[PDB]
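K.L.:
Starting off with a structure, shown below.
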Amino acid sequence: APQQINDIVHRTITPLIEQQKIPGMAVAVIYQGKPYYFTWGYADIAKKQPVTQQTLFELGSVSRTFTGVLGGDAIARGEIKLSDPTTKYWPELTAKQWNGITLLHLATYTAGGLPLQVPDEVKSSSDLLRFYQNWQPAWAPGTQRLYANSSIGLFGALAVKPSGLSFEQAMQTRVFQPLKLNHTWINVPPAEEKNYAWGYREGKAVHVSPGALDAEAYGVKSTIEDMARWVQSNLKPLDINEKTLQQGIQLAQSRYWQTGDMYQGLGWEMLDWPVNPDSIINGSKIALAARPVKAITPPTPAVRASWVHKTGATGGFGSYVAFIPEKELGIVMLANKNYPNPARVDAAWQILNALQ
Ligand SMILES: *[B]([O])([O])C1=[C]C2=C([C]=[C][C]=[C]2)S1
C-alpha cells in the first residue's frame with residue numbers, strides 16, 4: 001500500500017485495538033478503486049490462529065445490506081414491488097393491522113413498531129405467522145422508524161417468495177455468485193470452518209446462535225477480501241454486468257425516509273457528504289430509539305455525494321462498512337469483539353477524511 005494509506009490506517013487502528021481490547025481485526029481500504037488489506041491479532045485465541053485475509057467474521061446487521069440488494073434485485077426482475085401490500089406475498093397474514101403495511105415499510109423499519117427481536121420462543125414457521133398476526137402496532141405505517149430485525153427479516157423472507165428459491169439459494173445465485181463473493185456464507189460449510197473466527201464476549205469464545213429470520217437480518221459471515229469486493233460493487237454499480245443486480249444495488253442506496261441528517265435505504269443508511277462524525281454517530285447505547293420519519297416522495301436515486309454505511313454486531317463480533325461514491329473511497333472494519341459503535345465510526349471517519 002502507499003505509505004500514506006499505511007500510516008493513516010496503522011495510526012488509527014492500533015490505538016483502537018488497544019483501547020477496546022479487540023482480539024482480532026481485519027480492515028480493507030478501497031482507494032481510487034483498488035483494495036488494501038490490513039490484519040491484526042487472533043481469529044482464535046486458544047488455538048493461536050491469526051486473523052488473515054481469509055478469516056471469516058460474523059457481519060451481524062451488515063448482512064442487511066445484502067438483504068436490501070437482493071430485495072432490490074427482485075424488484076428489478078419484476079418479482080415484487082415495494083408498493084405492494086405485505087399480504088400479497090403472505091396471504092395468511094389476515095389480521096387487520098396489516099392493511100396498509102407494504103414491503104417498503106418492512107424494508108425500512110417503518111411498519112409501525114415491529115419489535116427489535118423475533119422472540120426465541122419462535123422456533124417453527126407457524127410460530128412465526130402467529131407472532132406477526134398477534135403483533136399490535138403502536139403507530140400508523142410510514143410515520144416512525146424503529147430499527148428491528150423482525151421488520152427487515154420479514155422483508156427478506158417475502159422478497160424471495162415469487163422466485164421459489166430459499167433465501168439462501170436466492171442470495172447465493174443472484175448476489176454472491178455474480179459478484180464473485182466466493183467466501184461469503186449464510187451457513188459456513190465444513191470446508192471453511194478452519195477460517196471461521198471465534199467471537200469474544202466477556203472473554204468467552206462464541207458464535208451467533210440460530211434464530212428465526214437470522215439469515216435475512218444478521219446471518220452473513222464473510223472475509224475482508226469479499227467485503228472489499230462488496231464495497232467496490234456498491235461504489236460502482238453501473239459496472240456490474242447483471243442488469244437486475246445493477247438496478248438492485250442502486251435501489252438499495254435510494255433515500256426513502258429522512259430522520260435528522262440520516263436517510264434510510266434498503267439495508268444501507270446514508271448521509272449527505274460531507275458530514276461531521278458527530279452527525280454520523282448521532283444519526284446511527286440505545287436498545288430502542290423511536291424516531292419520526294419524513295417520506296421522501298418519491299425516493300431519491302442513489303446520490304454519489306453520500307456517506308453510505310452500516311454497522312453490524314453479534315454477541316461476539318463488531319463490523320462496520322462505509323463508502324463515499326463521489327470519492328471512490330470506502331472502508332471495511334471487521335472485528336471479533338462487539339465494541340462501541342461510536343469508536344468504529346470515529347476510526348472510519350479519521351481514515352476516509354485523511355484520504356479524501
Ligand atoms: B444488527 O447487528 O444491528 C443486530 C442487532 C440485533 C441483532 C440480534 C438481536 C438483537 C439486536 S443483529
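Identifiers in this document derive from the order of the C-alpha cells: chains are assigned A, B, ..., residues are numbered from 1 separately in each chain, and ligands are numbered from 1 in order of occurrence.
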Produce a table with one row for each residue of range 216-299 of chain A that has an atom at most 7 Å from any atom of range 146-152 of chain A, each row naming the nearest atom pair and its distance in Å at one decimal; use only C-alpha atoms; arrange rows by chain and rising residue number; format as a tab-separated table.
P.N.:
residue	atom	partner	partner_atom	distance
A:217	CA	A:149	CA	5.5
A:289	CA	A:146	CA	6.3
A:290	CA	A:146	CA	5.1
A:291	CA	A:146	CA	6.8
K.L.:
Next, dump the selected residues to file, keeping only N, CA, C and O atoms, as a compact mmCIF listing (two decimals), in the first residue's frame.
P.N.:
# COMPACT_ATOMS: atom_id res chain seq x y z
N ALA A 217 -31.62 -11.09 8.53
CA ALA A 217 -31.35 -9.91 9.34
C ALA A 217 -29.91 -9.76 9.84
O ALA A 217 -29.42 -8.66 9.98
N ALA A 289 -34.86 3.11 19.87
CA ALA A 289 -34.89 4.56 19.61
C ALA A 289 -35.95 4.79 18.56
O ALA A 289 -35.71 4.53 17.39
N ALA A 290 -37.12 5.25 18.98
CA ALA A 290 -38.21 5.51 18.04
C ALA A 290 -38.05 6.93 17.52
O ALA A 290 -37.96 7.87 18.31
N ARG A 291 -38.01 7.08 16.19
CA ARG A 291 -37.79 8.38 15.59
C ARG A 291 -38.82 8.67 14.50
O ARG A 291 -39.04 7.85 13.61
K.L.:
Name the residues, by chain letter and number, that sit within 9 Å of ligand 1 using only C-alpha atoms and all ligand atoms, and give them as a list in words.
P.N.:
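Sorted by chain and then by number, the residues are residues 59, 60, 61, 62, 63, 64, 116, 117, 118, 147, 148, 149, 208, 211, 214, 217, 218, 219, 287, 310, 311, 312, 313, 314, 315, 317, 318 and 319 of chain A.
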K.L.:
Could you please take those selected residues and save C-alpha atoms as a CSV table (one decimal), in the first residue's frame?
P.N.:
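Ended up saving to again_14.csv:
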chain,number,residue,atom,x,y,z
A,59,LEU,CA,-21.2,-9.4,9.9
A,60,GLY,CA,-24.2,-9.1,12.1
A,61,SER,CA,-26.6,-6.4,10.8
A,62,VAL,CA,-24.2,-5.5,7.9
A,63,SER,CA,-26.0,-8.7,6.4
A,64,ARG,CA,-29.0,-6.4,5.8
A,116,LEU,CA,-36.3,-5.3,17.6
A,117,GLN,CA,-36.1,-9.1,18.1
A,118,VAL,CA,-38.1,-12.1,17.0
A,147,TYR,CA,-34.7,-0.4,13.9
A,148,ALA,CA,-35.9,-4.1,14.0
A,149,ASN,CA,-34.7,-7.5,13.0
A,208,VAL,CA,-24.1,-16.4,16.7
A,211,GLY,CA,-32.8,-17.7,15.3
A,214,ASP,CA,-31.4,-14.9,11.2
A,217,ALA,CA,-31.4,-9.9,9.3
A,218,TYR,CA,-27.9,-10.8,10.7
A,219,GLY,CA,-26.6,-14.1,9.4
A,287,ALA,CA,-31.8,-0.6,23.0
A,310,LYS,CA,-24.0,0.2,8.0
A,311,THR,CA,-22.8,-1.0,11.5
A,312,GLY,CA,-23.1,-4.7,12.5
A,313,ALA,CA,-22.9,-6.6,15.7
A,314,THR,CA,-23.4,-10.1,17.1
A,315,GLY,CA,-22.7,-11.3,20.6
A,317,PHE,CA,-18.4,-9.5,16.7
A,318,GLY,CA,-18.5,-5.9,15.6
A,319,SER,CA,-18.4,-4.8,12.0
K.L.:
What does the distance from CA of residue 48 in chain A to CA of residue 346 in chain A come to in Å, to one decimal?
P.N.:
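Computing it gives 29.5 Å between the two atoms.
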K.L.:
Based on DSSP run over this structure's backbone, return all residues of range 65-261 of chain A in strand (DSSP E), as number ranges by chain.
P.N.:
A: 144-145, 199-201, 204-206, 221-222, 255-259
K.L.:
For the selection just defined, write its residues with C-alpha atoms to a file, as an mmCIF file, in the first residue's frame.
P.N.:
data_model
loop_
_atom_site.group_PDB
_atom_site.id
_atom_site.type_symbol
_atom_site.label_atom_id
_atom_site.label_comp_id
_atom_site.auth_asym_id
_atom_site.auth_seq_id
_atom_site.Cartn_x
_atom_site.Cartn_y
_atom_site.Cartn_z
ATOM 1 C CA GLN A 144 -41.894 6.352 12.660
ATOM 2 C CA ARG A 145 -38.685 4.331 12.242
ATOM 3 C CA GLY A 199 -16.226 -14.113 18.589
ATOM 4 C CA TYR A 200 -15.359 -12.952 22.111
ATOM 5 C CA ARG A 201 -17.894 -11.823 24.694
ATOM 6 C CA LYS A 204 -15.596 -16.341 26.111
ATOM 7 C CA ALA A 205 -15.499 -17.707 22.511
ATOM 8 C CA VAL A 206 -18.955 -17.508 20.935
ATOM 9 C CA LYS A 221 -20.190 -14.364 7.504
ATOM 10 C CA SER A 222 -17.512 -13.013 5.155
ATOM 11 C CA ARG A 255 -33.278 7.540 0.003
ATOM 12 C CA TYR A 256 -36.798 6.519 1.197
ATOM 13 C CA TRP A 257 -37.108 8.298 4.598
ATOM 14 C CA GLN A 258 -35.251 11.008 6.486
ATOM 15 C CA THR A 259 -34.675 11.215 10.253
#
K.L.:
Neighbours of residue 139 in chain A within 10 Å (only C-alpha atoms; same-chain residues fewer than 5 positions away dropped), as a count of residues only?
P.N.:
7
K.L.:
In terms of the shortest atom-to-atom distance over only C-alpha atoms, which of A:3, A:166, A:105, A:223 is closest to residue 182 in chain A?
P.N.:
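Among the listed residues, the smallest separation from residue 182 in chain A belongs to A:223.
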K.L.:
May I have the residues within 8 Å of residue 235 in chain A as an MDAnalysis selection string, using only C-alpha atoms and disregarding those fewer than 6 positions away in the same chain?
P.N.:
chainID A and resid 323:325 328:329
K.L.:
Kindly indicate which residue among A:274, A:71, A:137, A:178 lies nearest to residue 96 in chain A, using only C-alpha atoms for the distances.
P.N.:
A:137
K.L.:
Please provide the set of residues having any atom within 6 Å of range 307-309 of chain A, restricted to only C-alpha atoms, with same-chain residues fewer than 5 positions apart removed, written as a PyMOL selection string.
P.N.:
chain A and resi 268-271+273+321-324
K.L.:
Dump N, CA and C atoms for the selected residues as a PDB file, in the first residue's frame?
P.N.:
ATOM      1  N   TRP A 268     -28.696  -0.375   3.579  1.00  0.00           N
ATOM      2  CA  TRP A 268     -27.811   0.772   3.711  1.00  0.00           C
ATOM      3  C   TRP A 268     -28.523   1.966   4.361  1.00  0.00           C
ATOM      4  N   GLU A 269     -27.736   2.782   5.048  1.00  0.00           N
ATOM      5  CA  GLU A 269     -28.155   4.082   5.580  1.00  0.00           C
ATOM      6  C   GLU A 269     -27.176   5.128   5.039  1.00  0.00           C
ATOM      7  N   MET A 270     -27.678   6.336   4.799  1.00  0.00           N
ATOM      8  CA  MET A 270     -26.898   7.356   4.073  1.00  0.00           C
ATOM      9  C   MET A 270     -27.010   8.725   4.719  1.00  0.00           C
ATOM     10  N   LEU A 271     -25.940   9.518   4.590  1.00  0.00           N
ATOM     11  CA  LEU A 271     -25.983  10.943   4.924  1.00  0.00           C
ATOM     12  C   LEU A 271     -25.367  11.697   3.750  1.00  0.00           C
ATOM     13  N   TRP A 273     -22.762  13.862   1.945  1.00  0.00           N
ATOM     14  CA  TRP A 273     -21.331  14.125   2.120  1.00  0.00           C
ATOM     15  C   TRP A 273     -21.013  15.551   1.600  1.00  0.00           C
ATOM     16  N   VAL A 321     -19.008  -0.823   7.736  1.00  0.00           N
ATOM     17  CA  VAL A 321     -18.710  -0.579   6.329  1.00  0.00           C
ATOM     18  C   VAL A 321     -19.198   0.821   6.018  1.00  0.00           C
ATOM     19  N   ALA A 322     -18.359   1.605   5.341  1.00  0.00           N
ATOM     20  CA  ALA A 322     -18.752   2.948   4.913  1.00  0.00           C
ATOM     21  C   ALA A 322     -18.041   3.244   3.603  1.00  0.00           C
ATOM     22  N   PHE A 323     -18.721   3.954   2.706  1.00  0.00           N
ATOM     23  CA  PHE A 323     -18.099   4.353   1.456  1.00  0.00           C
ATOM     24  C   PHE A 323     -18.702   5.666   0.953  1.00  0.00           C
ATOM     25  N   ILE A 324     -17.927   6.335   0.104  1.00  0.00           N
ATOM     26  CA  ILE A 324     -18.310   7.621  -0.466  1.00  0.00           C
ATOM     27  C   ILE A 324     -18.160   7.519  -1.984  1.00  0.00           C
TER      28      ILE A 324
END
K.L.:
Between A:352, A:183, A:224, A:169, which one has atoms that come closest to residue 335 in chain A, using only C-alpha atoms?
P.N.:
A:224
K.L.:
Between A:141, A:68, A:78, A:301, which residue has the minimum interatomic distance to residue 99 in chain A, considering only C-alpha atoms?
P.N.:
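Using only C-alpha atoms, residue 99 in chain A sits closest to A:141.
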